[PDB]
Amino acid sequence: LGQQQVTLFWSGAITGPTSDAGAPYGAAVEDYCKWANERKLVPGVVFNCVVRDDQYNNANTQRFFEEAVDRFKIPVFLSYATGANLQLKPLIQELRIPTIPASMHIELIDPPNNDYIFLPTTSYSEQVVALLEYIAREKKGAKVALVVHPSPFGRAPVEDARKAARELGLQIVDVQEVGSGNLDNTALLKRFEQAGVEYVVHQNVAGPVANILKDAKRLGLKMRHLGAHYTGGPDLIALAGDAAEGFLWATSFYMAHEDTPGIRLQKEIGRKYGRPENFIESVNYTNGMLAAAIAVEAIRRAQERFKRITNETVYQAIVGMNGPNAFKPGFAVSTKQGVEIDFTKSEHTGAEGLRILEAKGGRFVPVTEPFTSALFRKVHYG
């Protein structure tokens, strides 16, 4: 009765490892929550916006989550790191709070302790398998190398890739872990060239990838580079410049240059709060805005249906978010079959479609229609 306070809490890497993505992501959550208040998107609710920088340290994330459950009574958890989410799964499950991660690791929505975790988009695995499919269409028996961030995040899609490579007749000849501060990748690239690698697939944030491309260009190599969600967009172009030309990127998001109410809104909100241009255009600002938008829309549905806002009512709002009752903010693509954001008790992936985009003269251009990977489902679910 009257205005109530509701806490929207995100914990992730505004600084520290992976912060190329966590900074714009965190910023979008804070901004959207700010916009929810100004436009009164949820009648009778003022959002208390809590955005914590855990710097990719799982102990910081746990402490911030415990504080947020105990003190702020959160009905939802906007989370970040793969490693952190893996570690908190038992506790998330125990206290039944719906959790929407920036991490797209499929293991998060696999048993046990998976009833409350909802992936806004396709997983690292589907992305990587989608890219491998694209590789096998180009060139049979292609030699491919994986380069991966040194963490549970980098390692996430490695097993689905090996088994997909096997199914497609490709050979994964190496897998290397490369983190930030990779000033000189000469040795690694020379190793790949000796072994006849022809395609390098990346699972990383954009700074390590950019460094590798810069060196690749410098040395004049012919291997093609591809990458999953966090590797690309305008961020990669800004760090790699022309060394990005021809990079192939798998993602569920619309680009900054496409026409969508959601992309339009990201721009409007970004300018409103004076974000720098490169935040406004980041695909990760889009990514955070979708996560906060999902949370804010489930809170709204909870208010309309139950007139009470709890982990339980918010849960019920999310698992009813399907069919004609799906959420279509225009942030991510949809299959010509499907809708944009839809969940059920048994379907925990929001935007199940993705595309492959190619970097051309400084901009990522779609070279596919939205699609789902049946190959991913065979190798992963059997």
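Sequential numbering from 1, following the sequence displayed.
Please work out which of 352 to 360 and 45 to 53 has the higher mean CA B-factor as recorded in the PDB entry. Looking at the recorded C-alpha B-factors, 45 to 53 comes out higher on average.
65 to 73 or 321 to 329, whichever carries the higher mean Cα B-factor: On average, C-alpha B-factors are higher across 65 to 73.
Specify which of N287, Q171, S79, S125 carries the largest Cα B factor in the deposited PDB entry. Going by the entry's C-alpha B-factors, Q171 comes out highest.
From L213, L95, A102, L132, residue of greatest CA B-factor: By C-alpha B-factor in the record, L95 ranks first.
When the deposited Cα B-factors of this chain's modelled residues are ordered and cut into thirds, is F306 in the lowest, the middle or the highest one? As the PDB entry reports it, the C-alpha B-factor of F306 lands in the highest third of its chain.
Cα B factor band for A28 (lowest, middle or highest third within the chain): CA B-factor rank for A28: lowest third.
Split into thirds by Cα B-factor across the chain's modelled residues, where does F153 land: lowest, middle or highest? Lowest third.
Check where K267 lands among this chain's C-alpha B-factors and tell me if it's the lowest, middle or highest third. It falls in the middle third of the chain.
Chain thirds of CA B-factor: placement of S180: Its C-alpha B-factor belongs to the highest third of this chain's values.
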